[PDB]
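What follows is a structure written as structure tokens; I'll ask about it next.
By letter and in written order, the chains are A, B, C, D, E, F, G, H, I, J, K and L; residue numbering begins at 1 in each of them.
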Amino acid sequence: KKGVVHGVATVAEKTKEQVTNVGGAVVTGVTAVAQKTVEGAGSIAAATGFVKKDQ
Amino acid sequence: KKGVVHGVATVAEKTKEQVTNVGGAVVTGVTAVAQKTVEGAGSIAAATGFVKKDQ
Amino acid sequence: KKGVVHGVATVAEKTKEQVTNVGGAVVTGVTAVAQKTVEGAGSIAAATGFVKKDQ
Amino acid sequence: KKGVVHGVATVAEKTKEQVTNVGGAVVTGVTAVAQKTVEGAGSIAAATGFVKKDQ
Amino acid sequence: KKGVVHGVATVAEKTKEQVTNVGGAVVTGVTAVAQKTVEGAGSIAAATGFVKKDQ
Amino acid sequence: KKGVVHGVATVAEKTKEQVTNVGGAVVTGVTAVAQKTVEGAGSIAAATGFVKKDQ
Amino acid sequence: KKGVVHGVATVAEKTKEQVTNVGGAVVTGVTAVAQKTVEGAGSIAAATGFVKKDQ
Amino acid sequence: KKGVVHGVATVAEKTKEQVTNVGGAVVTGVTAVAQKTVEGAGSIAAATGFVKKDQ
Amino acid sequence: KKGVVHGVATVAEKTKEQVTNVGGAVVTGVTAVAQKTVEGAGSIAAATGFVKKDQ
Amino acid sequence: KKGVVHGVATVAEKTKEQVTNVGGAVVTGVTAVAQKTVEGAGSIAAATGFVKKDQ
Amino acid sequence: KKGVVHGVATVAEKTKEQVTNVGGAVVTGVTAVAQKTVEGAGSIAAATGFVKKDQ
Amino acid sequence: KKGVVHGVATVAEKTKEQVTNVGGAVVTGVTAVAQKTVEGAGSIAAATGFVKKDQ
């Protein structure tokens, strides 16, 4: 076989899960957050996949 | 087989789940948030997939 | 087989779920949010798939 | 087989769900929000798929 | 076989999970956060995959 | 076989899991955080994969 | 002060919430159930406060 | 002060929450259940407060 | 002070939370269940407070 | 002071939390369950407070 | 002071937490379970407080 | 002071935590279980407080 990509690719066979991202956010997984009190200014309480590039 | 992509591709066979994103947000997964009190200015309480690029 | 894409593609066979996004938001998954009080100015309380690019 | 796309495509066979988006928003999934009090100016209380690009 | 990529690629066969990211965040895994009180200004309480590049 | 990459690639066969990242965050693994009280200003309480490059 | 009860009482002052039950069911709290498929004969899918005394 | 009870009482002062139960079920707390597929005959999927006394 | 109870009592002062139960079930706490597939006959998947006295 | 109980009592002062139980189940605490697949016949997957007295 | 109990009592002053149980189950504490696959017939996967007296 | 009990009592002053149990299970402590695969028939995977008296 032959393949040429510029990116971003994701090429496969017999594949149970696939995610391609440029951005941006993708949530595909099981996630449970239980929480009782959030205070403070300002605290990232429960972050799973996170990116902060403030300018 | 032969394939040429510019991106972003996601090419496969026999594949249970697929997500392609440029952006942007995609939520495909099970997610449960239970929460009782959020305060503060300003706190990201429960973030799963998150991207903040303020300018 | 042969395939040429510019992107964004998502090409497959025998595939249970598919999402293609450029944008933008796509919500296809099970999601439960239970919440009792949100305060503060301004706090992202419960974000699952999120993108903030304010200019 | 042969396929050439400019994007955004989503090409498949035997496929239970499909979403193509450029925009914009698409909601196809089960979603339950129960909520008791929202205050503050201005707090994103419960966001599932979200994109904010204010200029 | 032959392959030439510019990156970022992810090329495979017989592959159970795949993630390609440029960004950005991708959450595909099981995650449980249980939490009782978050205070302080400002403390990253529970971060799983995290990136902070404030300027 | 032959392969030329610019990076970042991840090329394989018969491969159970794959992650490619430039960024950014990717969470694909099982993660359980149980927590009772977070205080202080500001303390990284429970960080699993973490990167802080404040300028 | 003086008090004599036979039960079931609930006596208080300055009290934000009160429930007295003999029975029976009382639901006063925030509750969110999101659900996609229930099968089987017969499975209690999502029970919060539950009592089964079949004879 | 003086108090004589037969039960079940709940006597207090300055008290934020109170529940008295004989039965029976009382749900006063925040609860989020997100769920995707329940099968089997018969499996208690997600039970929070539960009592089964079949005869 | 003086107190005589038969039970079940719960007597207090300056008390943030109170539960009295004979039964029966009481749910007053924050609870998040996220779940993707339940099978089998019959398996208690996620039980928090649970009592089974089948005869 | 003087007190005579038959049980079950719970007598106190200046007390943040109280639970009295005869039964039965009481859930007052923060609880997060995230789960991806439950199989088998029949396996107690995730039990927190549990009592099984089958006859 | 004077006290006579039959049991089960729990008598105190200045006391942050109290639990009295005859039964039965009481869950008052922070608990996080994250889980990916449960199989087998039948295996107690993750048990925190547990009692099995089958006859 | 004077005290006569039959048991089970728990009598105190200035006491941060108290548990009285006859049964039965009580969970009041912080607990985190993260788990990836459970198999076998039948293996107690992760047990914290456990009692098995099958007859």
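What we mean here is this: contacts are C-beta pairs under 8 Å (C-beta built on N, C-alpha and C of every residue); 3 or more make two chains touch, one makes a residue touch a chain.
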| item | value |
| --- | --- |
| Result of counting contacting C-beta pairs for A-B and A-C, higher pair | A-B |
| Listed pair (C-D, D-G or B-E) duplicating the H-J contact set, over half by residue number | B-E |
| Cα superposition of chain D on its sequence copy chain G - rotation in ° rounded to nearest 5 | 180 |
| Euclidean distance of C-alpha centroids - chain A vs chain K, Å | 37 |
| Distance between the centres, which are taken as Cα means, of chain K and chain J, whole angstrom | 5 |
| Set of chain J residues in contact with two or more other chains | 1-55 |
| Chain K to chain L touching residues, read off their complex | 1-55 |
| Complex interface listing, chain C residues touching chain A | 8, 29, 40, 43, 46, 48-51 |
| Touching residues (chain side chain F, partner chain A) in the complex | 20, 23-28, 31, 33, 38, 41-42 |
| For the chain D and chain G complex, residues of the former touching the latter | 30-36 |
